[PDB]
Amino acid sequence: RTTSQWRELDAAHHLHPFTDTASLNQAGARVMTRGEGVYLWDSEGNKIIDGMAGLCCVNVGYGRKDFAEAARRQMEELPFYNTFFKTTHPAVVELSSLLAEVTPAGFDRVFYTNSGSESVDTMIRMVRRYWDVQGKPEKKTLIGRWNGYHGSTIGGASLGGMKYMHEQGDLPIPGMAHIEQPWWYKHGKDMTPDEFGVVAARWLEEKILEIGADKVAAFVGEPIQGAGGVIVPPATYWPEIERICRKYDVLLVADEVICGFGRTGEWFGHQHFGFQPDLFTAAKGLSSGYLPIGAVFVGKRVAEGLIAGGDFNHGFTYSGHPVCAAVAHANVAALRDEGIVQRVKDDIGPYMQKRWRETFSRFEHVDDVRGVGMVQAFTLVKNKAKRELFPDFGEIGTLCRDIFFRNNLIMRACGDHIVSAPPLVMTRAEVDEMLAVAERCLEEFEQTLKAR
């Protein structure tokens, strides 16, 4: 099968996520065939640096034959059994046991899904059921943020703050509210980041008092907003959000679907930013994307609420899927026992953050260079001196991302934010290779900017 034949069949038969089908079919899809470590090969034999780890999820890198062996052996013994008929199976029990050891104290119970989107729907039903068991049936509104991403179910798209998702499906659904994101570069006016952190967090208080605290169930946030452009909030933000939630008896929910399983150098983003959520959602790096699996980690107080309520009429055919559970077990055992998470905290994370700032800080149309552990970003700007963004935010990002893609480097644009989230196993040498290619692409970018 040629590149041509794969493109024609893709065009004729496959509808892609978050894509304009007509424009993709006219352009021709890029066909990825093989992965190894931090590298991909396409159908034309291009070797590509995957600076996005599939979709911020291939945390141990490509080529784990041990994961394929764990999948094969589980699929041969018991490919599926359901967790609905008062039934369980070894793989889901062993994974649940291992996950309780790497999650913080008070996170003993896990509910399994197929995806981050399903984890978020589960978390919404759980937080509403929790407040019904407490005898507060009005306490149902969840608060999220503009430019937050919580997946693509009806519930997750509603809780997310992407207007472009709201406009497709009549979203958000009721009992959903949104506050502004803690994007210092745009909203931080004449304030330091730390001052801005407190102002941005107090938008949650303003929103709670406008709705009424007795109607507010939860505040939900990514510790770092991922799909929104790696928006790293100031150090003062999360402690103030937490204070506000505790003051108004609002559950605090971390969406750990990106940050989870080592991306920040801690096991979870909320540990890096110093807040204690009541629940958190995970997927992606839970299996390093080798198989679909998600989870909701339920803290003791919410777990006791759900259990005291009797039947929880929620769950998926493939909840606790044995093969997915065996793969997630191999992945979490590798992250811990091979020191991959520890390595992000004390070796590759500090190296990446230093080298990312050394590489990009000098460019005249780059600003707000930021990141932690192995997630990093910057913003393309029209005038750095005035902190002026390009108009039609996203047009210049597209141009830069296409230069990267043409030069066999995967880094993505969210608007005019450029983001990177490579495999956590990336070597220092591979960080320097990636940065040399990105640096040359940015010199091409600046020259092309001036040329128009």
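The first residue of the sequence shown is number 1, and the count goes up from there.
- Legend: mean Cα B-factor per stretch from the PDB entry, 246-254 versus 164-172; the higher mean is in 164-172.
- Set 59-67 against 403-411 and average the Cα temperature factors; 403-411 ends up higher.
- The maximum CA B-factor among the listed residues 425, 418, 53, 27, taken from the PDB record, is found at 27.
- Sorting 213, 157, 327, 100 by the CA temperature factor given in the entry leaves 100 at the top.
- Per the PDB record, residue ranking by Cα B-factor puts residue 88 in the middle third of the chain.
- Residue 301: CA B factor in the middle third of modelled residues in this chain (values from the PDB entry).
- Compared with the other modelled residues of the chain, the Cα B-factor recorded for residue 108 ranks in the highest third.
- Residue 363: CA B factor lies in the highest third for its chain, per the PDB record.
- Sorting the modelled residues of the chain by their CA temperature factor places residue 382 in the highest third.
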